[PDB]
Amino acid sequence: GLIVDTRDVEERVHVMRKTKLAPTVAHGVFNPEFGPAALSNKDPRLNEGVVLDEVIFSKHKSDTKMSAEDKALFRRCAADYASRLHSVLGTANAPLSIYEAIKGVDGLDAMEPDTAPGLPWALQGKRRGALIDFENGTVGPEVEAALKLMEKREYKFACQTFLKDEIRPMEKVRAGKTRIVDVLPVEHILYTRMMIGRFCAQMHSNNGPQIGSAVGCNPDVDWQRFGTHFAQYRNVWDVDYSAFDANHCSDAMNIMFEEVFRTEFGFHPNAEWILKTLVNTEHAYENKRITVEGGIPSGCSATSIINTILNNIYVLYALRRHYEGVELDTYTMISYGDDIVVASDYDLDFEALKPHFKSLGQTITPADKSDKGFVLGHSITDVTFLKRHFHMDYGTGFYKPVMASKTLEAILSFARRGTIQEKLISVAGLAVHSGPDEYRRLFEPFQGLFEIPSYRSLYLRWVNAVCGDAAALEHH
């Protein structure tokens, strides 16, 4: 978004730490073009004269402003999408109890007991268990006091910046393109869950093309559902954004929140108010305090669902800004945050749509880059969604999420000390869809050192997961 202020405060918030990721035996063998993200300025792998802390805020280039006519247009799309959405989810969106916000419900995971609390708790050595009782689902004085404030709508907060200790393409490491997480205070997360926790549960349970969202899906078993759905259309588009999160303009955010979370849909009046506190935020990084306008704080605030809803409304608004008579049935789409798959039988011109996404401050481009702009005819077996391809399992005939072996190799070449065993059994679950031969190759560097799940066991597990009867069929 738009960085309006850049002040320097005396007290300092720490981030620059060492990476917990370490090279495994696989690394020496596979030799991936991947590595831990740069977390320091003194990182020897960084390109000369490349200032880390400067490349982290280079995503905030502007809070694009919309005219009155586009705003009224956007509002129309938001209300149309809100309509479909709640039409499918229902309208039992009353607040959750504090107990229910902490433990969650069906469709909603409980809160994480041992993660960061945000500010200003980080300036007091307090963990999450020190503020909240994740057992009995209870909160302490500070929190409760903070809840009243939020009830009063007089709550003020700041985001704590964290560099993401993940593996990335070496090109992005060297370019110091480490991604960051805007850790919000723990009370904010909780209150958000109270205000919109039921809604999020419903979204997770109802994931699919109908609501245009994959949040809460399980690739292993939903690829079949999503795959058959999309192979059903003439055109399919793998659309990429750049800085989706950052490029949400206040206009757009403010209109979605107003349109999707109205009290008539069952929401407590504070739902709209809490979300709106994500627009203009103050971000604390070491000795720096940075006030930003526009953009959704990445990681802490039903971030995925908000990013997904917006994505749906962006597509409907672009199409409508270019074509006449466009409705939600004109096309079909599933998204997960910024990740998106769009499909239609009309020769929709996504090359012409670019400017219209620009009118929102968003930059769309084809996934398959080598191709000059968006083409037509592409089928679902060409796109990526959630870093997985849609391939046909020749054993069952079901679609299966296949990850690129280069990616898998990367994942297997770095690990957090003392978790290699768990991680493997975890990655095996993903590798099984590559096939027997690839599966063997991938884990070969680990054989005789860890327990590698057999291809057969994970395969049988999958077949049942995806379609229990298909398993029974193989027995009749």
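Residue indices: 1-based, along the sequence shown.
As recorded in the PDB entry, 149-157 is the stretch of 257-265 and 149-157 with the greater mean C-alpha temperature factor. Once the C-alpha B-factors are averaged per stretch, 172-180 and 312-320 rank with 172-180 first. Per the deposited record, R127 carries the highest C-alpha B-factor of all listed residues (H86, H188, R127, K406).
As recorded in the entry, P117 carries the highest CA temperature factor of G361, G90, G107, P117.
The entry lists a Cα temperature factor for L96 that places it in the middle third of the chain's modelled residues. Among the modelled residues of the chain, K369 sits in the highest third by CA temperature factor in this PDB entry. Ranked within its chain, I452 lands in the middle third, by CA B factor from the PDB record. Among the modelled residues of the chain, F134 sits in the highest third by CA temperature factor in this PDB entry. Placement of the Cα temperature factor of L46 within the chain: highest third of the modelled residues, per the deposited record.
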